[PDB]
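Step one of this worksheet: look at the structure below.
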Amino acid sequence: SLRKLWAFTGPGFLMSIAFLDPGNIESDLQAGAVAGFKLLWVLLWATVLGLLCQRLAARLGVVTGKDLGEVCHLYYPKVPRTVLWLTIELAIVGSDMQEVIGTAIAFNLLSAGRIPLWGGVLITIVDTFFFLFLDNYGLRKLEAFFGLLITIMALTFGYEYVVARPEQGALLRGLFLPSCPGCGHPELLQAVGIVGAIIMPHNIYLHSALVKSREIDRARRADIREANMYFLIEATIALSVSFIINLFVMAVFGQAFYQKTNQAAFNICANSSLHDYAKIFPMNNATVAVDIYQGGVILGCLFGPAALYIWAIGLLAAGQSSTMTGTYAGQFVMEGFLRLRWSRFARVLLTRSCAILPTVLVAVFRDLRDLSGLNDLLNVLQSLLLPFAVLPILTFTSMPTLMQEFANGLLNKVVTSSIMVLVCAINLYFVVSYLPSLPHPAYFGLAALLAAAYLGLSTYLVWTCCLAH
């Protein structure tokens, strides 16, 4: 019925908001800038795998009555839960750095260069603890508020895409054909980055926590099956919305960015009066390395400054939404792995601090290209940390002790094993690419130790899963 779906509605907008974090925005920015339409099939495969993973998360959370954090606390011994919890902590703080840089760039774009970066970060942390102050008369649930916000930003991106008017002929091969002849290693780097960024590792915990919101009676199996199917339908709808918005941004950015040289863009939109044109043109015909600031200024110079202001508004909305979803996710990590049970205080304090330090340092002593590189490294780190969040769920839905009936079938088991070996191989190849890239020989030992710890934790989790397999 429509009323039952309306009652079950509310989470899907939340995971979609998490999917539309500013880190995803920068990642698809760079992907469209460099490879263009050749990586859309990567986006499709990553999105469908994320949908499968969140289906598993919703299934586990609804059926067991507790989030995945509680079950890993119940199962694993002390040291593995501690290490894994620090893993989600690192992933979530990386996401926080992503969204704070996004908000800072958006505020820079609103100010038209008048307000510097430190002003942006201070005002966004002020707004964050203003949201904390909102507890004065807090009776809110955020679902309608942030559905309105996501619809707003979706309408902005859709209007930008439609006024761009792309042609779907190339989109056919981009979406359908799973290959990329003629591209190179940076294309692989951005593909891995988009794969990691589209599937936020913390979203598994986030959904496994929000499942409790609806009243589920675990005694009756038909009711929990209906709840699971409703949650799957809602997740499918949310993922479809996320993918269509990503399709819009992919098409427009690939059409407006591919084989575009710096001096050509400068000549095209030098008749206008942005006054930000200085950075774009180093008087050479080469690929235009573009961040959110440069992307917005280029869109405004090609189509009109309205494009820029609305783009920055969408970026600010995405940053606020991602900040909120990170706060909720991290609170649930606290209650799952330590049962610390705070109310939005300690998590937000630690996250905003661990974000403000590096970004304030990079704003004081580095330029915006360093910010773009830092976000690249952040979303690469998110990709590297993804298996540490996709394997525990695989294990915990593997064994039948929690789910005698609602276990994993043979087809799901083998498919999930295939994806887990695929992602582990991807991480191995990426770290192999990273090994010869160290400028200083002193980092060899640190990189080797970090890789050894990563492989050891991965092999321990694989041993646990094969025991559960």
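Chain labels A, B, ... are given in the sequence in which chains occur in the structure tokens; within each chain residues are numbered consecutively from 1, and ligands are likewise numbered from 1 in the order shown.
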What's around segment 124-140 of chain A at 8 Å? Count only C-alpha atoms, leave out sequence neighbours fewer than 3 positions away in its own chain, and write the answer as number ranges by chain. A: 100, 103-104, 120-121, 344-345, 352
Counting only C-alpha atoms, which residues of segment 123-183 of chain A fall within 9 Å of segment 33-36 of chain A, and what is the closest atom pair for each with its distance in Å at one decimal, ordered by chain and rising number, as JSON lines?
{"residue": "A:174", "atom": "CA", "partner": "A:36", "partner_atom": "CA", "distance": 8.7}
{"residue": "A:180", "atom": "CA", "partner": "A:35", "partner_atom": "CA", "distance": 8.9}
{"residue": "A:183", "atom": "CA", "partner": "A:35", "partner_atom": "CA", "distance": 7.4}
Dump as a tab-separated table the rows for residues of segment 335-437 of chain A within 9 Å of segment 275-299 of chain A: closest atom pair and distance in Å with one decimal, only C-alpha atoms counted, ordered by chain and rising residue number.
residue	atom	partner	partner_atom	distance
A:368	CA	A:291	CA	8.0
A:369	CA	A:291	CA	7.5
A:371	CA	A:291	CA	8.5
A:372	CA	A:291	CA	5.9
Restricting to only C-alpha atoms, whichever of A:96, A:23, A:11, A:69 is closest to residue 353 of chain A is A:96
Closest contacts (segment 67-157 of chain A/segment 440-454 of chain A, max 12 Å, only C-alpha atoms) as a tab-separated table:
residue	atom	partner	partner_atom	distance
A:80	CA	A:453	CA	11.9
A:83	CA	A:453	CA	10.1
A:84	CA	A:454	CA	10.8
A:87	CA	A:454	CA	10.3
Nearest to residue 246 of chain A by atom-to-atom distance, counting only C-alpha atoms, from A:346, A:170, A:39, A:403
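Of the candidates, the smallest distance to residue 246 of chain A is held by A:39.
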Counting only C-alpha atoms, closest pick from A:189, A:307, A:155, A:386 relative to residue 248 of chain A is A:155
- request: Name all residues at most 12 Å from residue 237 of chain A (count only C-alpha atoms; drop same-chain ones fewer than 2 positions away) and give them as a PyMOL selection string.
  value: chain A and resi 5+9-16+51+230-235+239-244
Let's have the selection written as a compact mmCIF listing (two decimals), in the first residue's frame, with N, CA and C atoms.
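Here's the written file part07.txt:
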# COMPACT_ATOMS: atom_id res chain seq x y z
N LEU A 5 4.28 2.20 2.63
CA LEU A 5 5.54 2.70 2.09
C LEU A 5 5.87 4.07 2.65
N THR A 9 9.09 5.06 4.76
CA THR A 9 9.96 6.04 4.12
C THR A 9 10.74 6.83 5.17
N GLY A 10 11.89 7.35 4.76
CA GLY A 10 12.68 8.20 5.62
C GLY A 10 14.17 7.89 5.68
N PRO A 11 14.55 6.61 5.73
CA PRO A 11 15.99 6.30 5.65
C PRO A 11 16.58 6.51 4.26
N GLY A 12 15.86 6.10 3.21
CA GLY A 12 16.45 6.10 1.88
C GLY A 12 16.99 7.45 1.48
N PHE A 13 16.26 8.51 1.82
CA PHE A 13 16.78 9.86 1.61
C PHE A 13 18.08 10.06 2.38
N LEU A 14 18.20 9.44 3.56
CA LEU A 14 19.42 9.61 4.35
C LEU A 14 20.62 8.93 3.70
N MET A 15 20.48 7.67 3.27
CA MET A 15 21.64 7.09 2.59
C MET A 15 21.94 7.81 1.28
N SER A 16 20.92 8.25 0.55
CA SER A 16 21.19 8.98 -0.69
C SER A 16 21.95 10.27 -0.41
N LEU A 51 24.37 -0.97 -3.71
CA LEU A 51 22.98 -1.33 -3.44
C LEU A 51 22.88 -2.73 -2.84
N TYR A 230 10.34 -3.86 1.94
CA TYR A 230 10.06 -2.43 1.86
C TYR A 230 11.35 -1.62 1.93
N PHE A 231 12.26 -2.00 2.82
CA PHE A 231 13.54 -1.30 2.93
C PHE A 231 14.36 -1.47 1.66
N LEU A 232 14.33 -2.66 1.06
CA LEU A 232 15.04 -2.86 -0.20
C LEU A 232 14.46 -1.98 -1.30
N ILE A 233 13.13 -1.87 -1.37
CA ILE A 233 12.51 -1.02 -2.38
C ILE A 233 12.93 0.43 -2.18
N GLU A 234 12.90 0.89 -0.92
CA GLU A 234 13.29 2.26 -0.62
C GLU A 234 14.76 2.51 -0.96
N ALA A 235 15.64 1.56 -0.63
CA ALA A 235 17.05 1.71 -0.96
C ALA A 235 17.26 1.74 -2.47
N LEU A 239 18.98 4.85 -4.39
CA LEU A 239 20.14 4.63 -5.23
C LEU A 239 19.88 5.04 -6.67
N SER A 240 18.66 4.82 -7.17
CA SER A 240 18.32 5.29 -8.51
C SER A 240 18.39 6.81 -8.59
N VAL A 241 17.90 7.50 -7.56
CA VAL A 241 17.98 8.96 -7.55
C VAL A 241 19.44 9.41 -7.55
N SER A 242 20.26 8.78 -6.72
CA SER A 242 21.68 9.13 -6.68
C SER A 242 22.33 8.90 -8.03
N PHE A 243 22.01 7.78 -8.68
CA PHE A 243 22.64 7.48 -9.96
C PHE A 243 22.17 8.43 -11.04
N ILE A 244 20.91 8.85 -11.03
CA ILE A 244 20.47 9.77 -12.09
C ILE A 244 21.11 11.13 -11.90
*asked:* Can you pull out the residues contacting residue 70 of chain A? Cut-off 7 Å, using only C-alpha atoms, and skip same-chain residues under 3 positions away; I want them as a ChimeraX atom specification.
replied: /A:66-67,73-74,336-337
Would you write out those residues with N, CA and C atoms, as a compact mmCIF listing (two decimals), in the first residue's frame?
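The result, stored in part-v2.txt:
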# COMPACT_ATOMS: atom_id res chain seq x y z
N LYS A 66 19.68 -5.19 16.20
CA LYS A 66 20.78 -4.35 16.66
C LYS A 66 21.64 -3.97 15.46
N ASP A 67 22.41 -2.91 15.61
CA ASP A 67 23.24 -2.49 14.49
C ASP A 67 24.44 -3.42 14.35
N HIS A 73 30.84 -6.03 18.28
CA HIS A 73 31.28 -5.98 19.67
C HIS A 73 30.99 -7.29 20.38
N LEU A 74 29.84 -7.90 20.09
CA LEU A 74 29.47 -9.16 20.73
C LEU A 74 30.37 -10.30 20.28
N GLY A 336 27.90 1.36 19.17
CA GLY A 336 28.09 -0.02 18.78
C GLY A 336 29.38 -0.65 19.27
N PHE A 337 30.49 0.08 19.16
CA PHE A 337 31.79 -0.47 19.49
C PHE A 337 32.26 -0.13 20.90
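One finds atom CA of residue 178 of chain A at 19.3 Å from atom CA of residue 421 of chain A.
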Margin query: To test your reading of the structure, identify every residue in segment 46-270 of chain A that backbone DSSP assigns to alpha helix (DSSP H), and report it as a ChimeraX atom specification.
Written below: /A:46-64,68-75,78-111,117-133,143-164,168-176,185-198,202-210,221-257,262-268
